[PDB]
Structures are given as structure tokens and as C-alpha cells.
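Numbering (PDB author numbering), first residue to last: 1 to 108.
#1: Suppose the cutoff is 8 angstroms on Cβ atoms and the five residues either side in sequence are ignored; what does the same chain contact list for residue 81 look like?
#2: Between the region 33-42 and the region 67-80, do at least 3 Cβ pairs fall closer than 8 angstroms?
#3: Is it right to say residue 26 is buried, meaning 16 or more other beta carbons lie within 10 angstroms of its own, or is it exposed?
#4: May I have the straight-line CA-CA distance separating residue 6 from residue 33, to the nearest angstrom?
#5: Check each candidate in 85, 44, 30, 59 and name the one with the smallest Cα separation from residue 69.
#6: What beta strand (DSSP E) runs, 3 residues minimum, are completely inside the region 61-100?
#7: Which residues bound the beta strand (DSSP E) around residue 16?
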């Protein structure tokens, strides 16, 4: 996307991705939108992802999909997908697909 010195920008539709606190299996996800202006700047993304998912360790430094993928930039992102906010720790591959669609609890 060679962004020259042109005013009106081309078709740049935003992306709505869901975030989830790493190591958290009690709270659901968080539908957050990322503008194309920020998508390019991965650093800018994490700065916003934290606002929705504030890790106890601090802020977010990297993202991880439910499959265990690593998104270092806005190239691995998708439209309407789920991701996890991983800080300065290891990816705790946990079941998130369940937190999405509520499910009757066992202990009761």
C-alpha cells in the first residue's frame, strides 16, 4: 500500500477483531476495531489492544490466535476473528472457543 502524498485515501475498510486476556478462562472476548492507519503500525495496535485487554503483567506486546499462531504484524490479522493478548510471557494455549459461546456450567 504505497501511501503517497495524495489526499483522499483508497478503499481501506477497517477490521473488527476480538481480543482475549492470556491465561484468563473466566472473562469473554472483546470486539475491537483497528483502523488501516494503525494496522500498518503493529506497535499502534498493541497500544489499543491493551485498552481492551489489560494484562495483569502490564500491557500487550504480541498476539496469539486460538490455533497457537503468532501475529507480529497486521498481516496475520483477519476480519471477524478471535485472538489472545500475550505480554512478556509464554502463550498459554487455553480453550477460548468455549468462552465465545456461553455454555451451561457444570458446578451448580
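Where is the CB? At the ideal position from N, CA and C, for every residue including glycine.
Working from what's here:
#1: 17, 18, 65
#2: yes
#3: exposed
#4: 25 angstroms
#5: 85
#6: 62-65, 83-86
#7: 15-19
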